[PDB]
Each structure stands twice: as C-alpha cells, then as structure tokens.
file structure28.cif (mmCIF, C-alpha atoms and all ligand atoms)
data_entry
#
loop_
_atom_site.label_atom_id
_atom_site.label_comp_id
_atom_site.auth_asym_id
_atom_site.auth_seq_id
_atom_site.Cartn_x
_atom_site.Cartn_y
_atom_site.Cartn_z
CA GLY A 696 0.00 0.00 0.00
CA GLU A 697 1.73 3.08 1.26
CA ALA A 698 5.47 3.54 0.96
CA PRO A 699 7.44 5.34 3.83
CA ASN A 700 7.98 9.07 3.21
CA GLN A 701 11.69 9.71 3.35
CA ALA A 702 11.75 13.32 2.17
CA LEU A 703 14.27 15.45 4.09
CA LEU A 704 12.99 18.56 5.81
CA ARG A 705 15.68 21.21 5.83
CA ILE A 706 15.74 23.68 8.73
CA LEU A 707 17.47 26.95 7.88
CA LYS A 708 19.30 29.45 10.14
CA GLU A 709 17.77 32.95 10.11
CA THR A 710 21.25 34.26 9.42
CA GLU A 711 21.62 32.34 6.14
CA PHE A 712 19.13 34.61 4.41
CA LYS A 713 18.31 38.28 3.85
CA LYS A 714 14.76 39.60 3.21
CA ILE A 715 14.86 42.39 0.62
CA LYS A 716 11.41 43.55 -0.39
CA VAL A 717 7.77 42.70 0.28
CA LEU A 718 5.94 40.86 -2.49
CA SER A 719 2.56 40.33 -0.88
CA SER A 720 0.99 41.18 2.48
CA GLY A 721 -2.36 41.62 4.29
CA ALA A 722 -4.98 38.88 4.64
CA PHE A 723 -3.15 35.97 6.37
CA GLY A 724 0.59 36.86 6.11
CA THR A 725 3.58 38.34 4.26
CA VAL A 726 5.77 37.05 1.39
CA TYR A 727 9.27 38.58 0.85
CA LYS A 728 11.83 38.36 -1.92
CA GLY A 729 15.23 37.37 -0.46
CA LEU A 730 18.59 35.70 -0.97
CA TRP A 731 19.70 32.51 0.75
CA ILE A 732 23.34 31.60 1.25
CA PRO A 733 23.64 28.09 2.52
CA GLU A 734 26.37 28.16 5.27
CA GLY A 735 29.73 27.79 3.50
CA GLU A 736 28.73 26.95 -0.05
CA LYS A 737 29.47 30.12 -2.15
CA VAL A 738 26.03 30.26 -3.74
CA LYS A 739 23.23 32.79 -3.41
CA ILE A 740 19.76 31.50 -4.05
CA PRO A 741 16.85 33.79 -4.80
CA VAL A 742 13.92 32.82 -2.61
CA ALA A 743 10.48 33.72 -1.41
CA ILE A 744 9.89 33.69 2.36
CA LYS A 745 6.42 33.09 3.73
CA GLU A 746 6.34 34.40 7.34
CA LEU A 747 2.76 34.46 8.56
CA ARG A 748 1.07 37.27 10.62
CA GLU A 749 3.02 38.08 13.82
CA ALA A 750 0.05 36.61 15.76
CA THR A 751 1.47 33.20 16.67
CA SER A 752 -1.89 31.46 17.36
CA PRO A 753 -1.24 27.60 17.28
CA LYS A 754 -3.97 27.25 14.58
CA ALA A 755 -1.81 29.10 12.02
CA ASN A 756 1.43 27.22 12.88
CA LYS A 757 -0.23 23.86 12.14
CA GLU A 758 -1.35 25.05 8.66
CA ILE A 759 2.05 26.22 7.46
CA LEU A 760 3.68 22.95 8.60
CA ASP A 761 1.13 21.05 6.58
CA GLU A 762 2.29 23.00 3.54
CA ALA A 763 5.95 22.34 4.33
CA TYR A 764 5.14 18.68 4.77
CA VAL A 765 3.47 18.49 1.33
CA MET A 766 6.06 20.62 -0.48
CA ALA A 767 9.02 18.79 1.08
CA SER A 768 7.55 15.59 -0.33
CA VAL A 769 7.18 16.63 -3.98
CA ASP A 770 9.83 16.83 -6.62
CA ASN A 771 8.88 17.72 -10.16
CA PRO A 772 9.80 20.48 -12.65
CA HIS A 773 6.21 21.77 -12.61
CA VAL A 774 5.59 21.84 -8.88
CA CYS A 775 6.97 24.50 -6.58
CA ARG A 776 10.24 23.82 -4.83
CA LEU A 777 10.47 24.01 -0.92
CA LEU A 778 14.05 24.89 0.16
CA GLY A 779 13.37 24.58 3.88
CA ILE A 780 11.81 26.04 6.97
CA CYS A 781 12.94 28.64 9.50
CA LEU A 782 11.77 28.17 13.12
CA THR A 783 11.81 31.72 14.44
CA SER A 784 9.02 33.16 16.63
CA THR A 785 6.71 32.24 13.76
CA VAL A 786 7.52 29.63 11.13
CA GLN A 787 8.94 30.92 7.85
CA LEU A 788 8.49 28.95 4.64
CA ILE A 789 11.39 29.33 2.17
CA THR A 790 10.60 28.55 -1.47
CA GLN A 791 12.17 29.14 -4.84
CA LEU A 792 11.56 32.73 -5.93
CA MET A 793 9.20 32.81 -8.95
CA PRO A 794 10.19 36.29 -10.27
CA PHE A 795 7.23 36.91 -12.60
CA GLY A 796 4.70 36.22 -9.84
CA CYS A 797 1.41 34.32 -10.12
CA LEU A 798 0.01 33.29 -13.50
CA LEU A 799 -3.34 35.06 -12.93
CA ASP A 800 -1.72 38.47 -12.47
CA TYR A 801 0.65 37.73 -15.29
CA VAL A 802 -2.03 37.04 -17.89
CA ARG A 803 -4.08 40.06 -16.60
CA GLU A 804 -1.02 42.29 -17.01
CA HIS A 805 0.34 41.05 -20.31
CA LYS A 806 -2.90 40.38 -22.34
CA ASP A 807 -1.54 42.00 -25.54
CA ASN A 808 1.72 40.15 -25.58
CA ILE A 809 0.59 36.60 -24.89
CA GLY A 810 0.58 34.27 -27.89
CA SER A 811 -1.07 30.89 -28.49
CA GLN A 812 2.27 29.07 -28.00
CA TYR A 813 2.56 30.33 -24.42
CA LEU A 814 -1.06 29.66 -23.56
CA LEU A 815 -0.88 26.03 -24.73
CA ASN A 816 2.54 25.32 -23.25
CA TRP A 817 1.24 26.53 -19.85
CA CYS A 818 -1.72 24.14 -20.20
CA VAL A 819 0.71 21.29 -20.95
CA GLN A 820 2.98 22.20 -17.98
CA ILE A 821 0.14 22.53 -15.48
CA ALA A 822 -1.28 19.16 -16.68
CA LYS A 823 2.18 17.62 -16.12
CA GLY A 824 2.42 19.04 -12.60
CA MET A 825 -1.05 17.74 -11.85
CA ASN A 826 -0.27 14.29 -13.26
CA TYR A 827 2.77 14.06 -11.06
CA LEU A 828 0.64 14.92 -8.01
CA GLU A 829 -1.70 12.12 -9.13
CA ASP A 830 1.23 9.65 -9.29
CA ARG A 831 2.04 10.59 -5.65
CA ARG A 832 -1.71 10.32 -4.92
CA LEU A 833 -2.12 13.94 -3.85
CA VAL A 834 -5.34 15.79 -4.53
CA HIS A 835 -4.49 19.43 -4.62
CA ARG A 836 -8.06 20.82 -4.01
CA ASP A 837 -7.20 24.42 -4.94
CA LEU A 838 -5.94 24.49 -8.53
CA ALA A 839 -6.61 27.93 -10.02
CA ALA A 840 -4.56 30.41 -11.96
CA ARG A 841 -3.80 32.33 -8.71
CA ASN A 842 -2.10 29.10 -7.57
CA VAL A 843 0.30 28.75 -10.48
CA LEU A 844 3.63 30.57 -10.45
CA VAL A 845 5.90 31.84 -13.18
CA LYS A 846 9.62 31.18 -13.07
CA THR A 847 9.81 32.51 -16.62
CA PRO A 848 7.17 33.00 -19.27
CA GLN A 849 8.09 29.55 -20.53
CA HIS A 850 8.15 27.83 -17.19
CA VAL A 851 5.31 27.66 -14.67
CA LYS A 852 4.78 25.51 -11.52
CA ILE A 853 1.84 24.63 -9.33
CA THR A 854 1.85 26.07 -5.87
CA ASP A 855 -0.25 26.34 -2.68
CA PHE A 856 -0.42 22.98 -1.01
CA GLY A 857 -2.25 24.15 2.11
CA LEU A 858 -5.40 22.17 1.28
CA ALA A 859 -3.72 19.19 -0.39
CA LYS A 860 -4.59 15.70 0.91
CA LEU A 861 -4.05 12.02 -0.10
CA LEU A 862 -6.69 10.20 -2.18
CA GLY A 863 -9.08 8.76 0.42
CA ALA A 864 -8.09 10.67 3.59
CA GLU A 865 -10.89 12.72 5.21
CA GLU A 866 -9.00 15.20 7.51
CA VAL A 876 -13.94 27.47 0.11
CA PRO A 877 -13.15 28.31 -3.60
CA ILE A 878 -16.64 27.77 -4.97
CA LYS A 879 -16.20 28.84 -8.55
CA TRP A 880 -13.36 26.23 -9.12
CA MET A 881 -14.96 23.22 -7.51
CA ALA A 882 -16.35 20.07 -9.07
CA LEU A 883 -20.05 19.63 -8.41
CA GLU A 884 -19.55 16.48 -6.27
CA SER A 885 -17.28 18.62 -4.04
CA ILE A 886 -19.77 21.43 -3.66
CA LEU A 887 -22.51 18.94 -2.80
CA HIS A 888 -20.95 16.10 -0.94
CA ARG A 889 -17.44 17.35 -0.17
CA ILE A 890 -16.03 14.59 -2.39
CA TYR A 891 -12.48 15.31 -3.68
CA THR A 892 -10.74 13.17 -6.24
CA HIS A 893 -8.08 13.50 -8.91
CA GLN A 894 -11.14 14.00 -11.15
CA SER A 895 -12.34 16.95 -9.05
CA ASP A 896 -8.88 18.42 -9.67
CA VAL A 897 -9.57 17.94 -13.41
CA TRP A 898 -12.72 20.09 -13.15
CA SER A 899 -10.57 22.81 -11.56
CA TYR A 900 -7.95 22.45 -14.29
CA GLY A 901 -10.83 23.29 -16.77
CA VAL A 902 -11.63 26.50 -14.91
CA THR A 903 -7.96 27.39 -14.68
CA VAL A 904 -7.63 26.95 -18.46
CA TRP A 905 -10.67 29.15 -19.04
CA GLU A 906 -9.05 31.81 -16.80
CA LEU A 907 -5.96 31.65 -19.04
CA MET A 908 -8.01 31.69 -22.30
CA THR A 909 -9.93 34.77 -21.18
CA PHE A 910 -6.69 36.46 -20.03
CA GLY A 911 -7.78 36.53 -16.41
CA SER A 912 -11.57 36.81 -16.27
CA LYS A 913 -13.45 35.90 -13.16
CA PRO A 914 -15.60 32.85 -13.62
CA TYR A 915 -19.31 33.45 -13.20
CA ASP A 916 -18.41 37.07 -12.64
CA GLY A 917 -20.96 38.53 -10.18
CA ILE A 918 -22.96 35.39 -9.37
CA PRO A 919 -23.08 34.75 -5.61
CA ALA A 920 -21.54 31.46 -4.49
CA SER A 921 -24.90 30.10 -3.17
CA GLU A 922 -26.34 29.97 -6.68
CA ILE A 923 -23.35 28.14 -8.25
CA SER A 924 -24.39 24.56 -7.43
CA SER A 925 -27.77 25.20 -8.98
CA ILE A 926 -26.55 26.72 -12.20
CA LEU A 927 -24.29 23.64 -12.53
CA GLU A 928 -27.15 21.33 -11.85
CA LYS A 929 -29.20 23.14 -14.50
CA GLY A 930 -26.35 22.07 -16.90
CA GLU A 931 -24.90 25.56 -17.30
CA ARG A 932 -21.07 25.98 -17.66
CA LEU A 933 -18.59 28.76 -18.36
CA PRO A 934 -18.97 30.25 -21.87
CA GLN A 935 -16.54 29.73 -24.83
CA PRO A 936 -13.74 32.31 -24.74
CA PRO A 937 -13.42 34.31 -28.04
CA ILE A 938 -9.84 33.04 -28.77
CA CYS A 939 -10.90 29.40 -28.39
CA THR A 940 -11.56 27.03 -31.24
CA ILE A 941 -14.24 24.49 -30.52
CA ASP A 942 -11.36 22.01 -30.16
CA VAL A 943 -9.97 23.77 -27.05
CA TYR A 944 -13.36 24.64 -25.56
CA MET A 945 -14.46 21.04 -25.88
CA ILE A 946 -11.59 20.02 -23.68
CA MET A 947 -12.73 22.48 -21.06
CA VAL A 948 -16.28 21.18 -21.17
CA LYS A 949 -15.17 17.56 -20.84
CA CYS A 950 -13.38 18.58 -17.60
CA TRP A 951 -16.82 19.71 -16.46
CA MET A 952 -18.89 16.53 -17.01
CA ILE A 953 -21.15 15.46 -14.12
CA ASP A 954 -19.82 11.90 -14.30
CA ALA A 955 -16.38 12.33 -12.70
CA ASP A 956 -14.99 9.30 -14.51
CA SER A 957 -16.07 10.81 -17.86
CA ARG A 958 -13.69 13.71 -17.40
CA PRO A 959 -10.20 13.45 -18.97
CA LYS A 960 -7.21 12.17 -17.02
CA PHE A 961 -4.32 14.58 -16.57
CA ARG A 962 -2.17 12.29 -18.73
CA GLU A 963 -4.70 12.75 -21.59
CA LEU A 964 -4.69 16.49 -21.10
CA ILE A 965 -0.91 16.41 -21.43
CA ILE A 966 -1.31 14.55 -24.69
CA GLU A 967 -4.13 16.66 -26.23
CA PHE A 968 -2.71 20.10 -25.34
CA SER A 969 0.66 18.91 -26.52
CA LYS A 970 -0.60 18.01 -30.01
CA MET A 971 -2.25 21.45 -30.09
CA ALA A 972 0.99 23.13 -29.04
CA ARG A 973 2.70 21.79 -32.19
CA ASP A 974 0.34 23.98 -34.27
CA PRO A 975 -0.88 26.66 -31.88
CA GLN A 976 -2.56 28.97 -34.42
CA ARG A 977 -4.78 26.24 -35.57
CA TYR A 978 -6.20 26.03 -31.99
CA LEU A 979 -6.16 29.50 -30.52
CA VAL A 980 -7.05 32.52 -32.62
CA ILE A 981 -5.37 35.62 -31.32
CA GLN A 982 -5.11 39.07 -32.99
CA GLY A 983 -1.43 39.69 -33.81
CA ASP A 984 -0.20 36.28 -32.66
CA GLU A 985 2.73 36.04 -35.14
CA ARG A 986 4.39 39.27 -33.67
CA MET A 987 4.24 38.55 -29.86
CA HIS A 988 7.41 38.35 -27.65
CA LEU A 989 7.80 37.98 -23.83
CA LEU A 1001 18.23 41.86 -15.51
CA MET A 1002 17.94 39.80 -12.28
CA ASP A 1003 19.07 41.09 -8.85
CA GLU A 1004 21.97 43.51 -8.01
CA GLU A 1005 25.73 44.03 -8.58
CA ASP A 1006 27.28 41.16 -6.52
CA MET A 1007 25.51 38.41 -8.52
CA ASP A 1008 28.39 36.18 -9.69
CA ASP A 1009 27.33 33.46 -7.27
CA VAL A 1010 23.63 33.39 -8.00
CA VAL A 1011 22.13 29.95 -8.66
CA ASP A 1012 18.49 29.26 -9.34
CA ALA A 1013 16.92 26.71 -6.99
CA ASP A 1014 16.44 24.29 -9.99
CA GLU A 1015 20.23 24.10 -10.26
CA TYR A 1016 20.75 23.78 -6.51
CA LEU A 1017 20.62 20.01 -5.78
CA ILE A 1018 20.82 18.38 -2.38
CA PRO A 1019 21.97 14.74 -1.66
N1 LIG B 1101 7.70 31.51 -4.62
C1 LIG B 1101 7.23 32.74 -4.90
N2 LIG B 1101 7.90 33.53 -5.74
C2 LIG B 1101 7.43 34.75 -6.05
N3 LIG B 1101 6.29 35.27 -5.56
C3 LIG B 1101 5.52 34.58 -4.71
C4 LIG B 1101 5.96 33.24 -4.31
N4 LIG B 1101 5.04 32.77 -3.45
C5 LIG B 1101 4.09 33.73 -3.32
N5 LIG B 1101 4.38 34.82 -4.07
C6 LIG B 1101 3.56 36.06 -4.18
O1 LIG B 1101 2.63 36.17 -3.11
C7 LIG B 1101 1.29 36.08 -3.60
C8 LIG B 1101 0.46 35.35 -2.57
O2 LIG B 1101 1.18 34.18 -2.19
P1 LIG B 1101 0.38 33.03 -1.41
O3 LIG B 1101 1.02 32.85 -0.06
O4 LIG B 1101 0.21 31.82 -2.32
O5 LIG B 1101 -1.02 33.86 -1.26
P2 LIG B 1101 -1.97 34.05 0.05
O6 LIG B 1101 -3.10 34.98 -0.36
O7 LIG B 1101 -1.14 34.44 1.25
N6 LIG B 1101 -2.68 32.48 0.29
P3 LIG B 1101 -2.66 31.45 -1.12
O8 LIG B 1101 -2.61 32.23 -2.43
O9 LIG B 1101 -3.98 30.74 -1.00
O10 LIG B 1101 -1.38 30.67 -0.84
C9 LIG B 1101 1.40 35.35 -4.93
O11 LIG B 1101 0.34 35.65 -5.82
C10 LIG B 1101 2.68 35.94 -5.43
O12 LIG B 1101 2.44 37.23 -5.99
MG MG B 1102 -2.61 29.62 1.49
#

call {"tool": "encode", "arguments": {"input": "structure28.cif", "output": "structure tokens", "more": "lines below"}}
Ligand SMILES: Nc1ncnc2c1ncn2[C@@H]1O[C@H](COP(=O)(O)OP(=O)(O)NP(=O)(O)O)[C@@H](O)[C@H]1O
Ligand SMILES: [Mg+2]
result
Amino acid sequence: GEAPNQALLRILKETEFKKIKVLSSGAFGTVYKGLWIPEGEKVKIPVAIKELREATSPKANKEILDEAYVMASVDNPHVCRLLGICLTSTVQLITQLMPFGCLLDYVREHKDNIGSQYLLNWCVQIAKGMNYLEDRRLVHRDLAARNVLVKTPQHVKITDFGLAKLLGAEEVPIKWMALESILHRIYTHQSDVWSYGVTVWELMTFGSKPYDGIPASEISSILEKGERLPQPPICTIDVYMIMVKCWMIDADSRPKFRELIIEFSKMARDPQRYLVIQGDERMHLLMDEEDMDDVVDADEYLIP
C-alpha cells in the first residue's frame, strides 16, 4: 500500500538569508523576496519567504507545517520547490523565488503580448504538474490560476499545497470546484480535473473571473441546470471542448491529466490552428543587483 515518506525537511538558520522587499501582504501573512546563502557553499539563491502574521496562534502554525510537509515531499519540474523552513518566533516557509509572480496576475497584465504558444505550453505544464501529483496520490483541491507561479514565461509551476490531501483521507473556492465537491465534499483526482478546466478558461480569457458577479450560493444550482462557463473568443471548438469535458457530471467521464498532457501537446505543435489571437505572429515575452556572480536558481541547486 503506502510507501514510507523519506523526504528530508531542511531547517534553515535565520542568518543564512536576507529579506529584501515585500511581495505580498495583508490577509493571512507576508511574502518577501530574499537571498539565501547556505552556510559555507558560495552560492546565493533567490527565494520567497512566507512568514505568517506576527500573531502566533497555534492554529496558524499547524497550517504552514502542513504545507511544508506536502512541499518537502514533492519533486517535479512543474511543482513548486520548498528549500526549507525557518523556526523563528513564527515559522517561515522558504521557497524558490518565482520572479514573474502568479500566473493570474501575469495574464491580466500582459494580455496583448501573450501568444497561443505560451497559452498552450502553460496548459501542458500545469497538466504535467497535476499528473505528477496524481502519481504521488495527492489531490491538490485548490488548482486555479492564482495558484500557479511563473519562473519565466516559458516555465510555470503549481503552488499552494495548504489544502492538499491524499486520495481517500478525510481530515472554500466555490467557482473552481467540481459539483460532487460542492454537494458532498467529495475530492478526487477528477475533481482536480474540473478545476484544471476552470484554470484553463481563466488563461483563455486572459484573467476573467468565472461566473463574474454570481453569488456562491447559486453556483451549485446553475451547474445542476447544466450551465457551464462560456466559450472564450480566442478558443476554437477544439480547445473549448476540452474544457467542457473537464466539467462533465460523471467524474470518470472527465479526462485524465495524462490525456490532457497529450491533447494540449498536439495542439501546441500547431498553436494557431487552436487558438485565434489578434497579432499572434508578432508577440514576444536583468535579475538582482551588482554582486551576482554566485547566484544559482533553486532548480540548479541540488541536495543529496
Ligand atoms: N515563490 C514565490 N515567488 C514569487 N512570488 C511569490 C511566491 N510565493 C508567493 N508569491 C507572491 O505572493 C502572492 C500570494 O502568495 P500566497 O502565499 O500563495 O497567497 P496568500 O493569499 O497568502 N494564500 P494562497 O494564495 O492561497 O497561498 C502570490 O500571488 C505571489 O504574488
Ligand atoms: Mg494559502
């Protein structure tokens, strides 16, 4: 059945890293851009540091350790990298810096510069990340474009594991949830597929809000009626049909992530045949400071 989990959790000295700038604040906590110098190693690693609200209420500490636990246990090019934790008054989470931020803000900001090749490659990459999670039997439960990060315009990774669970275990983003999850709190790899559909639609509409202005309470009814998100203007029926499949009532009738990898990948070989974007053919998409000889991306920093 279940193999032992031998992932290493790395605990990092507060002195090994400098904060440098705030990236995001308010709500629950703060995320900083920083550099990490492991002890005596002659490398500087750009990182994000997730130190929650100074309020150290035990409830919050247990949630961040759940994240660390999940992120320490994954290892895939399309899933966010945990570097370690820092155990100061409140627990800091240290991840690979994803310089271009979250994919939702990135599509919203760069609408006029995003071609079909990038859209379809992101779909392929997110499907790969999700398939890997499926191999490790994790159900993410919060896939959305706000939970995908951008290392470069050509390289994205799934983030936010603070609701992830194993398939089976029993232990609220309404507009991204499969109907069986809104109704019965059932969560499967196939409910993740539903959310993949929504995430794709967010990308294809360059950041629109699904069911914009429709209160959450209505959502389950609308879905039961048989209503779904509408076809984005740039989408051929080929792409939109993939979305709609991800939104079938019968969970087992939805595609598997491995099929999504395959379909989007065929599409990515001829992107203009599948997404129709004004000016596509002409679209195109310088690091830290001065002492940057020793900088190494996390993806090139490997640990025995
Ligand atoms: N590894 C990272 N690299 C760069 N920016 C990041 C990173 N992690 C988080 N951020 C920034 O911080 C924002 C919020 O991070 P995150 O902690 O995921 O959001 P939150 O609202 O605190 N809760 P959630 O989004 O549900 O995790 C993201 O949209 C990014 O803009
Ligand atoms: Mg969170």

call {"tool": "axis_aligned_box", "arguments": {"input": "structure28.cif", "around": "range 703-719 of chain A", "padding_each_side": "4 Å", "output": "lines of an AutoDock Vina configuration file"}}
result
center_x = 12.1
center_y = 29.5
center_z = 3.8
size_x = 27.1
size_y = 36.1
size_z = 20.6

call {"tool": "atom_distance", "arguments": {"input": "structure28.cif", "atom1": "atom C7 of ligand LIG 1101 (chain B)", "atom2": "CA of residue 794 in chain A"}}
result
11.1 Å

call {"tool": "residues_around", "arguments": {"input": "structure28.cif", "residues": "range 845-859 of chain A", "least_positions_apart": "2", "cutoff": "7 Å", "atoms": "all atoms listed in the file", "output": "PyMOL selection string"}}
result
chain A and resi 758+761-762+765-766+773-775+793-798+813+817+820-821+824+833-837+842-843+989

call {"tool": "atom_distance", "arguments": {"input": "structure28.cif", "atom1": "CA of residue 792 in chain A", "atom2": "CA of residue 741 in chain A"}}
result
5.5 Å

call {"tool": "atom_distance", "arguments": {"input": "structure28.cif", "atom1": "CA of residue 879 in chain A", "atom2": "atom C1 of ligand LIG 1101 (chain B)"}}
result
24.0 Å

call {"tool": "closest_residue", "arguments": {"input": "structure28.cif", "among": "A:910, A:723, A:915, A:978", "to": "ligand MG 1102 (chain B)", "atoms": "all atoms listed in the file"}}
result
A:723

call {"tool": "closest_residue", "arguments": {"input": "structure28.cif", "among": "A:803, A:823, A:960, A:776", "to": "residue 791 in chain A", "atoms": "only C-alpha atoms"}}
result
A:776

call {"tool": "residues_near_point", "arguments": {"input": "structure28.cif", "point": "(-10.5, 16.6, -2.5)", "cutoff": "8 Å", "atoms": "all atoms listed in the file", "output": "PyMOL selection string"}}
result
chain A and resi 834-836+859-860+862+885+889-893+895-896

call {"tool": "write_last_selection", "arguments": {"input": "structure28.cif", "atoms": "C-alpha atoms", "output": "JSON list (two decimals), in the frame of the given file"}}
result
[["chain", "number", "residue", "atom", "x", "y", "z"],
["A", 834, "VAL", "CA", -5.34, 15.79, -4.53],
["A", 835, "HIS", "CA", -4.49, 19.43, -4.62],
["A", 836, "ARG", "CA", -8.06, 20.82, -4.01],
["A", 859, "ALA", "CA", -3.72, 19.19, -0.39],
["A", 860, "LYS", "CA", -4.59, 15.70, 0.91],
["A", 862, "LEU", "CA", -6.69, 10.20, -2.18],
["A", 885, "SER", "CA", -17.28, 18.62, -4.04],
["A", 889, "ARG", "CA", -17.44, 17.35, -0.17],
["A", 890, "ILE", "CA", -16.03, 14.59, -2.39],
["A", 891, "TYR", "CA", -12.48, 15.31, -3.68],
["A", 892, "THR", "CA", -10.74, 13.17, -6.24],
["A", 893, "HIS", "CA", -8.08, 13.50, -8.91],
["A", 895, "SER", "CA", -12.34, 16.95, -9.05],
["A", 896, "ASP", "CA", -8.88, 18.42, -9.67]]

call {"tool": "closest_residue", "arguments": {"input": "structure28.cif", "among": "A:948, A:966, A:907, A:809", "to": "residue 987 in chain A", "atoms": "only C-alpha atoms"}}
result
A:809

call {"tool": "residues_around", "arguments": {"input": "structure28.cif", "residues": "residue 946 in chain A", "least_positions_apart": "5", "cutoff": "9 Å", "atoms": "all atoms listed in the file", "output": "list in words"}}
result
residues 901, 941, 951, 959, 964 and 967 of chain A

call {"tool": "residues_around", "arguments": {"input": "structure28.cif", "residues": "residue 816 in chain A", "least_positions_apart": "5", "cutoff": "8 Å", "atoms": "only C-alpha atoms", "output": "list in words"}}
result
residues 849, 968, 969 and 972 of chain A

call {"tool": "closest_residue", "arguments": {"input": "structure28.cif", "among": "A:710, A:935, A:725, A:921", "to": "ligand MG 1102 (chain B)", "atoms": "all atoms listed in the file"}}
result
A:725

call {"tool": "closest_residue", "arguments": {"input": "structure28.cif", "among": "A:799, A:701, A:980, A:759", "to": "residue 781 in chain A", "atoms": "all atoms listed in the file"}}
result
A:759

call {"tool": "build_atoms", "arguments": {"input": "structure28.cif", "residues": "range 744-756 of chain A", "atoms": "N, CA, C and O atoms", "output": "PDB file, in the coordinates of the input"}}
result
ATOM      1  N   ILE A 744       9.903  33.985   0.910  1.00  0.00           N
ATOM      2  CA  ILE A 744       9.890  33.690   2.360  1.00  0.00           C
ATOM      3  C   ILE A 744       8.498  33.958   2.854  1.00  0.00           C
ATOM      4  O   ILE A 744       8.038  35.094   2.789  1.00  0.00           O
ATOM      5  N   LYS A 745       7.800  32.912   3.288  1.00  0.00           N
ATOM      6  CA  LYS A 745       6.420  33.090   3.730  1.00  0.00           C
ATOM      7  C   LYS A 745       6.275  33.040   5.257  1.00  0.00           C
ATOM      8  O   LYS A 745       5.985  31.987   5.832  1.00  0.00           O
ATOM      9  N   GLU A 746       6.483  34.202   5.883  1.00  0.00           N
ATOM     10  CA  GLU A 746       6.340  34.400   7.340  1.00  0.00           C
ATOM     11  C   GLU A 746       4.945  34.904   7.632  1.00  0.00           C
ATOM     12  O   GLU A 746       4.605  36.038   7.295  1.00  0.00           O
ATOM     13  N   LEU A 747       4.142  34.074   8.276  1.00  0.00           N
ATOM     14  CA  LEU A 747       2.760  34.460   8.560  1.00  0.00           C
ATOM     15  C   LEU A 747       2.624  35.591   9.629  1.00  0.00           C
ATOM     16  O   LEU A 747       3.573  35.881  10.390  1.00  0.00           O
ATOM     17  N   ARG A 748       1.446  36.229   9.639  1.00  0.00           N
ATOM     18  CA  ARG A 748       1.070  37.270  10.620  1.00  0.00           C
ATOM     19  C   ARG A 748       1.762  37.073  11.979  1.00  0.00           C
ATOM     20  O   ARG A 748       1.784  35.959  12.510  1.00  0.00           O
ATOM     21  N   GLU A 749       2.313  38.153  12.536  1.00  0.00           N
ATOM     22  CA  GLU A 749       3.020  38.080  13.820  1.00  0.00           C
ATOM     23  C   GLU A 749       2.250  37.358  14.947  1.00  0.00           C
ATOM     24  O   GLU A 749       2.868  36.736  15.824  1.00  0.00           O
ATOM     25  N   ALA A 750       0.915  37.447  14.915  1.00  0.00           N
ATOM     26  CA  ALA A 750       0.050  36.610  15.760  1.00  0.00           C
ATOM     27  C   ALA A 750       0.473  35.152  15.591  1.00  0.00           C
ATOM     28  O   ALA A 750       0.427  34.594  14.486  1.00  0.00           O
ATOM     29  N   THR A 751       0.918  34.549  16.691  1.00  0.00           N
ATOM     30  CA  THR A 751       1.470  33.200  16.670  1.00  0.00           C
ATOM     31  C   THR A 751       0.464  32.152  17.167  1.00  0.00           C
ATOM     32  O   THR A 751       0.858  31.139  17.749  1.00  0.00           O
ATOM     33  N   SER A 752      -0.830  32.388  16.922  1.00  0.00           N
ATOM     34  CA  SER A 752      -1.890  31.460  17.360  1.00  0.00           C
ATOM     35  C   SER A 752      -1.695  30.042  16.767  1.00  0.00           C
ATOM     36  O   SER A 752      -1.802  29.869  15.538  1.00  0.00           O
ATOM     37  N   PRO A 753      -1.414  29.028  17.637  1.00  0.00           N
ATOM     38  CA  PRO A 753      -1.240  27.600  17.280  1.00  0.00           C
ATOM     39  C   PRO A 753      -1.982  27.086  16.014  1.00  0.00           C
ATOM     40  O   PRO A 753      -1.432  26.260  15.272  1.00  0.00           O
ATOM     41  N   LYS A 754      -3.204  27.569  15.784  1.00  0.00           N
ATOM     42  CA  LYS A 754      -3.970  27.250  14.580  1.00  0.00           C
ATOM     43  C   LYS A 754      -3.186  27.515  13.275  1.00  0.00           C
ATOM     44  O   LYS A 754      -3.142  26.666  12.375  1.00  0.00           O
ATOM     45  N   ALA A 755      -2.576  28.696  13.191  1.00  0.00           N
ATOM     46  CA  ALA A 755      -1.810  29.100  12.020  1.00  0.00           C
ATOM     47  C   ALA A 755      -0.541  28.261  11.833  1.00  0.00           C
ATOM     48  O   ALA A 755      -0.245  27.836  10.722  1.00  0.00           O
ATOM     49  N   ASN A 756       0.200  28.029  12.920  1.00  0.00           N
ATOM     50  CA  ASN A 756       1.430  27.220  12.880  1.00  0.00           C
ATOM     51  C   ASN A 756       1.216  25.804  12.319  1.00  0.00           C
ATOM     52  O   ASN A 756       2.064  25.284  11.603  1.00  0.00           O
TER      53      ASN A 756
END
